[PDB]
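J.: Input structure: protein30.cif, which contains mmCIF, C-alpha atoms and all ligand atoms.
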```cif
data_start
loop_
_atom_site.label_atom_id
_atom_site.label_comp_id
_atom_site.auth_asym_id
_atom_site.auth_seq_id
_atom_site.Cartn_x
_atom_site.Cartn_y
_atom_site.Cartn_z
CA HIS A 1 17.23 17.03 -178.46
CA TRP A 2 18.97 16.95 -175.16
CA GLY A 3 22.35 15.37 -174.55
CA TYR A 4 25.74 15.93 -173.00
CA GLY A 5 27.58 17.92 -175.73
CA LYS A 6 28.40 21.64 -175.97
CA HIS A 7 25.21 22.48 -177.74
CA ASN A 8 22.70 20.32 -175.99
CA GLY A 9 24.32 19.64 -172.60
CA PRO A 10 23.29 20.50 -169.03
CA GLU A 11 23.65 24.26 -169.44
CA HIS A 12 20.95 24.08 -172.22
CA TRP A 13 18.40 21.85 -170.57
CA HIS A 14 16.48 24.62 -168.83
CA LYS A 15 15.11 25.93 -172.11
CA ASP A 16 13.02 22.78 -172.72
CA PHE A 17 12.79 21.76 -169.04
CA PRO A 18 12.52 24.91 -166.92
CA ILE A 19 12.40 22.83 -163.77
CA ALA A 20 16.21 22.58 -164.38
CA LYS A 21 16.43 25.76 -162.27
CA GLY A 22 13.91 24.47 -159.69
CA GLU A 23 14.04 24.29 -155.94
CA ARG A 24 15.08 20.62 -155.50
CA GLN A 25 17.38 19.72 -158.41
CA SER A 26 19.99 16.92 -158.45
CA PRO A 27 22.81 16.06 -158.15
CA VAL A 28 24.40 18.10 -155.35
CA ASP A 29 27.69 18.25 -153.61
CA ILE A 30 27.54 16.46 -150.28
CA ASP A 31 29.45 18.58 -147.76
CA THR A 32 30.26 15.89 -145.18
CA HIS A 33 31.00 18.36 -142.46
CA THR A 34 27.54 19.92 -142.63
CA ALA A 35 25.36 16.87 -143.25
CA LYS A 36 23.97 16.24 -139.85
CA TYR A 37 23.54 12.76 -138.38
CA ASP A 38 19.81 12.01 -138.03
CA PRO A 39 19.20 9.33 -135.34
CA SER A 40 15.56 9.11 -136.47
CA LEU A 41 16.59 7.50 -139.75
CA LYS A 42 15.98 3.71 -139.93
CA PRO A 43 18.42 1.29 -141.38
CA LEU A 44 17.92 0.88 -145.07
CA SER A 45 16.22 -2.42 -146.18
CA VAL A 46 17.37 -3.58 -149.63
CA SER A 47 15.43 -6.79 -150.51
CA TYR A 48 16.74 -7.98 -153.90
CA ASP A 49 16.50 -11.81 -153.44
CA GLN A 50 13.62 -12.12 -155.80
CA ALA A 51 14.74 -9.53 -158.43
CA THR A 52 13.92 -10.50 -161.99
CA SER A 53 16.04 -8.74 -164.57
CA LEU A 54 14.74 -8.85 -168.12
CA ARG A 55 16.69 -6.79 -170.61
CA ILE A 56 19.47 -4.25 -171.11
CA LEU A 57 18.88 -1.21 -173.37
CA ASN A 58 21.23 1.46 -174.78
CA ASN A 59 18.82 4.50 -174.65
CA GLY A 60 21.16 6.96 -176.27
CA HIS A 61 22.16 8.55 -172.94
CA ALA A 62 23.16 5.55 -170.75
CA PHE A 63 22.27 1.84 -170.62
CA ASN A 64 19.33 0.60 -168.52
CA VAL A 65 19.13 -2.86 -166.94
CA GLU A 66 15.36 -3.36 -166.67
CA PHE A 67 13.45 -5.47 -164.10
CA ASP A 68 10.00 -7.01 -164.01
CA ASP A 69 8.24 -4.67 -161.64
CA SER A 70 4.75 -6.25 -162.08
CA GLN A 71 4.86 -7.91 -158.57
CA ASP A 72 6.65 -6.91 -155.29
CA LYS A 73 9.92 -8.69 -156.02
CA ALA A 74 12.85 -6.34 -155.43
CA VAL A 75 12.09 -3.56 -152.96
CA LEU A 76 13.66 -0.79 -151.03
CA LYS A 77 12.15 0.38 -147.78
CA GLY A 78 13.25 1.78 -144.42
CA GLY A 79 15.89 4.53 -144.15
CA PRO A 80 14.16 7.87 -144.87
CA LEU A 81 11.30 6.16 -146.73
CA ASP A 82 7.68 5.74 -145.88
CA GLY A 83 6.23 2.72 -147.56
CA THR A 84 7.73 0.43 -150.18
CA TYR A 85 9.51 1.26 -153.38
CA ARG A 86 9.83 -1.28 -156.20
CA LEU A 87 13.01 -1.65 -158.38
CA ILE A 88 12.37 -0.83 -162.01
CA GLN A 89 15.84 -0.32 -163.53
CA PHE A 90 19.43 0.59 -162.83
CA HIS A 91 21.94 2.57 -164.90
CA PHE A 92 25.21 4.37 -164.49
CA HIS A 93 26.68 7.78 -165.21
CA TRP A 94 30.45 7.86 -165.97
CA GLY A 95 33.38 9.90 -167.25
CA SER A 96 35.85 9.95 -170.13
CA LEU A 97 38.68 9.79 -167.53
CA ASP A 98 38.85 8.17 -164.11
CA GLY A 99 38.93 11.60 -162.37
CA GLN A 100 35.34 12.50 -163.26
CA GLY A 101 32.04 10.72 -163.89
CA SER A 102 29.94 10.79 -160.78
CA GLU A 103 26.97 13.15 -160.44
CA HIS A 104 26.99 13.54 -156.68
CA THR A 105 30.27 14.69 -155.29
CA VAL A 106 31.57 14.33 -151.70
CA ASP A 107 33.38 17.43 -150.48
CA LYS A 108 33.83 18.28 -154.17
CA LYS A 109 35.41 14.87 -154.93
CA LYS A 110 34.26 13.32 -158.21
CA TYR A 111 34.24 9.57 -158.48
CA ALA A 112 34.81 7.66 -161.75
CA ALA A 113 31.15 6.68 -162.06
CA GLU A 114 27.85 6.46 -160.19
CA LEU A 115 25.27 3.67 -160.14
CA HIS A 116 21.61 4.64 -159.82
CA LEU A 117 19.06 1.94 -158.78
CA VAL A 118 15.63 3.44 -159.49
CA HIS A 119 12.56 2.50 -157.47
CA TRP A 120 8.93 3.71 -157.49
CA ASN A 121 6.55 4.14 -154.57
CA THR A 122 3.99 1.29 -154.86
CA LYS A 123 1.23 3.49 -153.30
CA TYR A 124 0.98 5.15 -156.76
CA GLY A 125 0.33 1.95 -158.70
CA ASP A 126 2.97 2.25 -161.39
CA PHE A 127 5.99 4.28 -162.37
CA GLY A 128 4.13 6.67 -164.59
CA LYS A 129 1.78 7.80 -161.81
CA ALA A 130 4.66 7.83 -159.24
CA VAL A 131 6.63 10.49 -161.31
CA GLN A 132 3.66 12.88 -160.86
CA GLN A 133 4.29 12.89 -157.11
CA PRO A 134 6.94 14.54 -154.92
CA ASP A 135 7.60 11.26 -153.11
CA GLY A 136 7.15 8.99 -156.17
CA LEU A 137 10.77 7.68 -156.52
CA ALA A 138 13.68 6.54 -154.39
CA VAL A 139 17.08 6.32 -156.11
CA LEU A 140 19.90 4.41 -154.43
CA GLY A 141 23.15 5.99 -155.63
CA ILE A 142 26.46 4.12 -155.33
CA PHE A 143 29.86 5.56 -156.29
CA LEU A 144 32.43 3.69 -158.38
CA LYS A 145 36.19 4.05 -157.97
CA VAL A 146 38.82 2.42 -160.15
CA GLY A 147 40.86 -0.29 -158.42
CA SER A 148 40.05 -3.99 -158.05
CA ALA A 149 37.43 -5.47 -160.41
CA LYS A 150 33.87 -5.98 -159.20
CA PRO A 151 33.04 -9.52 -160.09
CA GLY A 152 29.27 -8.87 -159.91
CA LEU A 153 29.58 -6.25 -162.63
CA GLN A 154 31.31 -8.39 -165.21
CA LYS A 155 28.07 -9.88 -166.75
CA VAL A 156 26.95 -6.29 -167.44
CA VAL A 157 30.37 -5.37 -168.95
CA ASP A 158 30.46 -8.49 -171.14
CA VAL A 159 27.04 -7.71 -172.75
CA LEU A 160 27.87 -4.10 -173.73
CA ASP A 161 29.37 -5.17 -177.09
CA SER A 162 25.84 -6.32 -178.11
CA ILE A 163 24.23 -2.98 -177.35
CA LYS A 164 26.83 -0.55 -178.61
CA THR A 165 24.43 1.98 -180.19
CA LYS A 166 21.32 3.87 -179.31
CA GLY A 167 18.16 1.74 -179.50
CA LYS A 168 19.88 -1.65 -179.26
CA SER A 169 18.73 -4.05 -176.54
CA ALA A 170 19.65 -7.56 -175.41
CA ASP A 171 18.05 -10.22 -173.21
CA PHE A 172 19.46 -9.84 -169.73
CA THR A 173 17.71 -12.33 -167.48
CA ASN A 174 18.87 -13.73 -164.14
CA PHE A 175 21.19 -10.85 -163.20
CA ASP A 176 21.52 -10.38 -159.47
CA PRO A 177 21.90 -6.71 -158.47
CA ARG A 178 23.04 -7.70 -155.00
CA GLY A 179 26.46 -8.19 -156.51
CA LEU A 180 26.76 -4.40 -157.15
CA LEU A 181 26.35 -3.31 -153.47
CA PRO A 182 29.22 -2.31 -151.14
CA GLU A 183 29.47 -3.92 -147.68
CA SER A 184 28.07 -0.88 -145.77
CA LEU A 185 24.57 0.63 -146.28
CA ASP A 186 25.62 3.93 -144.42
CA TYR A 187 24.09 6.72 -146.53
CA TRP A 188 23.26 10.40 -147.02
CA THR A 189 19.77 11.41 -147.98
CA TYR A 190 18.04 14.51 -149.35
CA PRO A 191 15.07 15.39 -151.57
CA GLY A 192 15.88 15.94 -155.22
CA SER A 193 15.16 15.11 -158.81
CA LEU A 194 16.00 12.94 -161.80
CA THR A 195 19.42 14.05 -163.07
CA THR A 196 18.34 13.72 -166.75
CA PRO A 197 15.52 15.48 -168.49
CA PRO A 198 12.70 15.74 -167.70
CA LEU A 199 14.43 16.51 -164.37
CA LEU A 200 11.25 15.67 -162.37
CA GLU A 201 11.30 16.52 -158.65
CA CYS A 202 10.10 13.13 -157.40
CA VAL A 203 13.16 11.60 -155.85
CA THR A 204 14.27 10.73 -152.29
CA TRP A 205 17.94 10.33 -152.86
CA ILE A 206 19.82 7.75 -150.82
CA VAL A 207 23.60 7.96 -151.60
CA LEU A 208 25.78 5.26 -150.06
CA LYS A 209 29.01 6.45 -148.33
CA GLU A 210 31.09 3.37 -149.35
CA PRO A 211 32.07 3.22 -153.05
CA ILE A 212 32.47 -0.01 -154.89
CA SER A 213 35.69 -0.70 -156.71
CA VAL A 214 35.65 -1.55 -160.43
CA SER A 215 38.67 -2.24 -162.58
CA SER A 216 40.11 0.13 -165.09
CA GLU A 217 39.28 -2.56 -167.77
CA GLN A 218 35.57 -2.64 -166.66
CA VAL A 219 35.09 1.15 -166.88
CA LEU A 220 37.03 1.27 -170.14
CA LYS A 221 34.37 -0.99 -171.61
CA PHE A 222 31.55 1.42 -170.54
CA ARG A 223 33.47 4.11 -172.49
CA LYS A 224 33.26 2.08 -175.76
CA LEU A 225 29.49 2.48 -175.88
CA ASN A 226 28.04 5.03 -178.31
CA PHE A 227 25.43 7.80 -177.85
CA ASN A 228 24.74 7.63 -181.59
CA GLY A 229 22.65 5.06 -183.43
CA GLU A 230 23.88 2.35 -185.75
CA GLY A 231 25.46 3.67 -188.89
CA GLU A 232 25.92 7.25 -187.50
CA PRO A 233 29.20 8.97 -186.78
CA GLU A 234 30.70 7.54 -183.62
CA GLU A 235 30.24 9.60 -180.48
CA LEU A 236 31.59 7.71 -177.51
CA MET A 237 29.18 7.46 -174.56
CA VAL A 238 31.30 9.25 -171.98
CA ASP A 239 30.69 12.11 -169.56
CA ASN A 240 26.99 11.46 -169.28
CA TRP A 241 26.83 13.20 -165.91
CA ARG A 242 25.14 16.38 -164.77
CA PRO A 243 27.25 18.63 -162.50
CA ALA A 244 26.26 19.56 -159.01
CA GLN A 245 23.26 21.95 -158.64
CA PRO A 246 22.49 24.58 -155.99
CA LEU A 247 21.43 23.08 -152.65
CA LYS A 248 18.89 25.89 -152.06
CA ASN A 249 16.63 25.31 -149.10
CA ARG A 250 17.61 21.70 -148.45
CA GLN A 251 19.43 19.74 -145.70
CA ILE A 252 21.39 16.56 -146.38
CA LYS A 253 21.02 14.06 -143.53
CA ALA A 254 23.54 11.27 -142.57
CA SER A 255 22.44 7.88 -141.44
CA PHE A 256 25.72 7.34 -139.54
CA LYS A 257 27.88 9.18 -137.01
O1 LIG B 1 19.55 9.32 -164.83
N1 LIG B 1 18.29 8.90 -164.66
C1 LIG B 1 17.51 8.56 -165.76
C2 LIG B 1 16.20 8.12 -165.59
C3 LIG B 1 15.65 8.01 -164.29
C4 LIG B 1 14.19 7.53 -164.10
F1 LIG B 1 13.83 7.73 -162.90
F2 LIG B 1 13.38 8.21 -164.94
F3 LIG B 1 14.12 6.28 -164.36
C5 LIG B 1 16.40 8.34 -163.23
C6 LIG B 1 17.77 8.80 -163.41
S1 LIG B 1 18.73 9.22 -162.05
ZN ZN B 2 20.77 8.49 -163.11
#
```
What's the structure tokens form of this structure?
T.:
Amino acid sequence: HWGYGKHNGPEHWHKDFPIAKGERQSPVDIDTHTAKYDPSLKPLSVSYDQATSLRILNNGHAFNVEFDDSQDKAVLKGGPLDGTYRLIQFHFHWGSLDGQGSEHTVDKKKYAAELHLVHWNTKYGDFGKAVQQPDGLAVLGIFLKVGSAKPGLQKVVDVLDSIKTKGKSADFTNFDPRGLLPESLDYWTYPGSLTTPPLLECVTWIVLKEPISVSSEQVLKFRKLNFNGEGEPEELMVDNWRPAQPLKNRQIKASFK
């Protein structure tokens, strides 16, 4: 099945998921000089005060921190969005080395990791119906660079030992995702897709300009996770990022001058 190795990695995905070569695939390189400022964009509204985290799962490709999305509790609205999008989970993509790991790049620069906070458009009722629509998801993408530790990330890092292999989960209540945000909500936005199979073209991407800093010890602990299941040969969970895809007929808009 699909993965990130030589024989099942991004260059193979198109055979099972032909939309891999579609018209609005993600990630992309963000050319800062050509992303035009759009004064019609609204500020982004990130309302996470009432977020209810439930569980953390190693899914064999990344780890997901899952939220109760049965009520409007943690929502994204404003910016390029029409309507209200409800947080369902966040995850990261990261590298084997600090010099790679992010999926979006900025003038070809790769960051050490990228955080994706996934939200679905509540006009569609649930996540499953939202991923059948071209405006079904909004993903807030935040870059990670290695420097100072991010204190708000340490509860995630400290639980990873309990979910080392594919299929493991752990209780993960009362985690506050506000502690993962940078100071600025300046962003770039464009229409795209999930960056993992099934690569669905549902996503309004909102990529924050300001990275957060994590420590080398924090990211090292992400790199001790395993793609394999318990009892299988160890394959470290590293380099679970898809490279930049053709921009095609899309414009990337900036929320800031
Ligand atoms: O990487 N990744 C994996 C899953 C999902 C979704 F939307 F399906 F939840 C989004 C992304 S970016
Ligand atoms: Zn992702």
J.: Can you pull out every residue with an atom within 7 Å of ligand LIG 1 (chain B)? Use all atoms listed in the file and format it as a list in words.
T.: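 My answer, listing the contacting residues, is residues 89, 116, 118, 139, 194, 195 and 196 of chain A.
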J.: Let me see the file: selected residues, C-alpha atoms, as a PDB file, keeping the file's coordinate frame.
T.:
```
ATOM      1  CA  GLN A  89      15.840  -0.320-163.530  1.00  0.00           C
ATOM      2  CA  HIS A 116      21.610   4.640-159.820  1.00  0.00           C
ATOM      3  CA  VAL A 118      15.630   3.440-159.490  1.00  0.00           C
ATOM      4  CA  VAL A 139      17.080   6.320-156.110  1.00  0.00           C
ATOM      5  CA  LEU A 194      16.000  12.940-161.800  1.00  0.00           C
ATOM      6  CA  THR A 195      19.420  14.050-163.070  1.00  0.00           C
ATOM      7  CA  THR A 196      18.340  13.720-166.750  1.00  0.00           C
TER       8      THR A 196
END
```
J.: How would you write, as JSON, numbers by chain, the set of residues no farther than 10 Å from ligand ZN 2 (chain B) when counting only C-alpha atoms and all ligand atoms?
T.: {"A": [26, 27, 61, 62, 64, 90, 91, 92, 93, 102, 103, 114, 115, 116, 117, 118, 139, 140, 141, 193, 194, 195, 196, 240, 241, 242]}
J.: Provide the atom CA of residue 78 of chain A to atom CA of residue 136 of chain A distance in Å, to one decimal place.
T.: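 It comes out at 15.1 Å.
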J.: So, with only C-alpha atoms as the atoms that count, which of A:98, A:29, A:23, A:69 lies closest to residue 216 of chain A?
T.: A:98
J.: Restricting the calculation to only C-alpha atoms, which member of A:152, A:233, A:147, A:243 is positioned closest to residue 219 of chain A?
T.: A:147
J.: Which one is closest to residue 44 of chain A: A:24, A:14, A:77, A:257? Count only C-alpha atoms.
T.: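 Nearest candidate to residue 44 of chain A out of A:24, A:14, A:77, A:257: A:77.
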J.: Work out how far apart atom CA of residue 42 of chain A and atom CA of residue 185 of chain A are and give it in Å to one decimal.
T.: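 Atom-to-atom, atom CA of residue 42 of chain A to atom CA of residue 185 of chain A, that is 11.1 Å.
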J.: So how many Å separate atom CA of residue 201 of chain A and atom CA of residue 30 of chain A, to one decimal?
T.: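 Going from atom CA of residue 201 of chain A over to atom CA of residue 30 of chain A covers 18.3 Å.
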J.: Using all atoms listed in the file for the distances, tell me which of A:138, A:113, A:56, A:156 is nearest to residue 82 of chain A.
T.: A:138
J.: Using only C-alpha atoms, which protein or nucleic acid residues come within 10 Å of residue 234 of chain A? Drop anything in the same chain fewer than 6 positions from it, and give the result as a list in words.
T.: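 The filter keeps residues 165, 224, 225, 226, 227 and 228 of chain A.
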J.: Using all atoms listed in the file and a cutoff of 6 Å, can you tell me which residues are near (19.0, -8.0, -170.7) in the file's coordinates, and write them out as a compact mmCIF listing (two decimals) with C-alpha atoms, keeping the file's coordinate frame?
T.:
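Output file selection-v1.txt follows:
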```
# COMPACT_ATOMS: atom_id res chain seq x y z
CA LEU A 54 14.74 -8.85 -168.12
CA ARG A 55 16.69 -6.79 -170.61
CA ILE A 56 19.47 -4.25 -171.11
CA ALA A 170 19.65 -7.56 -175.41
CA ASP A 171 18.05 -10.22 -173.21
CA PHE A 172 19.46 -9.84 -169.73
CA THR A 173 17.71 -12.33 -167.48
```
J.: Using all atoms listed in the file, which of A:142, A:35, A:130, A:57 sits nearest residue 206 of chain A?
T.: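 Closest to residue 206 of chain A, using all atoms listed in the file: A:142.
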